[PDB]
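Before any questions on binding or motion, here is one chain by itself as structure tokens, the form deposited in one PDB entry.
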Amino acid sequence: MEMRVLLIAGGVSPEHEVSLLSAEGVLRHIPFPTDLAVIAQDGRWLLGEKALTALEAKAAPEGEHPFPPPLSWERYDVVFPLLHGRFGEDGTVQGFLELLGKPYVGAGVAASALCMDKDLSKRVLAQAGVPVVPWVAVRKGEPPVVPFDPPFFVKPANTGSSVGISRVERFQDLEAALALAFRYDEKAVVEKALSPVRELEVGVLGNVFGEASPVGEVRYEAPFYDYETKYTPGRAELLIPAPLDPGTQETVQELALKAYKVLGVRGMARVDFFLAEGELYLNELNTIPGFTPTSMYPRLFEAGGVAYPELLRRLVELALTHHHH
């Protein structure tokens, strides 16, 4: 069976650089012939050799081709969008690939848009009976109304890689944290800070009915799991399988697969959890998790017997299983 993959990375979101790092990880292990297309930070695309040059520079601030690119789509059998964050993970790029008729890796338009919004996903999961941290949404320009005591975490609703996230100890500091969050999104979420908190992560592989990886725990000495901790090698420790009680591992996997099914995710997702005072909370689902050298999604399925090339092979294959339907 003929298979040629087009890999798209970069993007206009703050995670532009993280996306190129993920692209390098995928290219080093994907078992299919794969071409790279880069979306530069200005929204213009780089194709062919100019895309590989931008990958070597680990940043593409400016691109060549305005959207839509003159890409020979017919040459590829599956498109692998690796665009973390806004305009890549939130269903907008997915909508373009749907109208293009090309099979593509990962969640569709709906699952991507709803998993990217920290307020909407928490609305759906809370109704479904999934435990979530207390939270409220704040629209840019509206006065916040936080019906619980600090500490808070303030986040852009569409964020990734902990960009624009603040831990707020005093109400005096809510205004500055919201102003930081509103640089990246018109909507912010304010969550009750769990402290102390343990952070659990589990990978999911599959279309709607997912297969769960072992549960992993992230540990670090920074105040929280911030940008520098996430992508500086050595700062983040992954303990697989997570040191959890008899049965706690299964509950984490059951919640992840439940949220996966309810939201209708296809392909993959990394589901993050909080463990505080013995209580589990689902933090978020990431439909396009990182494949950077310090990323956890490949390591989680590595520990579950799915090697890195086999994981990428199954992702491309799941894209065709849905498209062939």
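Heads up: residue numbers just count along the shown sequence, starting at 1.
The following text describes the form deposited in another entry, which does not appear among the structures shown.
- For the rearrangement between the shown form and the other one, modelled as two rigid parts, a shared rigid part is recorded for residue 207 and residue 67.
- Cα of residue 296 to Cα of residue 161: at least 3 Å longer in that other deposited form than in the shown structure.
- With a change of no less than 3 Å, the CA-CA distance between residue 314 and residue 293 is smaller in that other deposited form than in the form shown.
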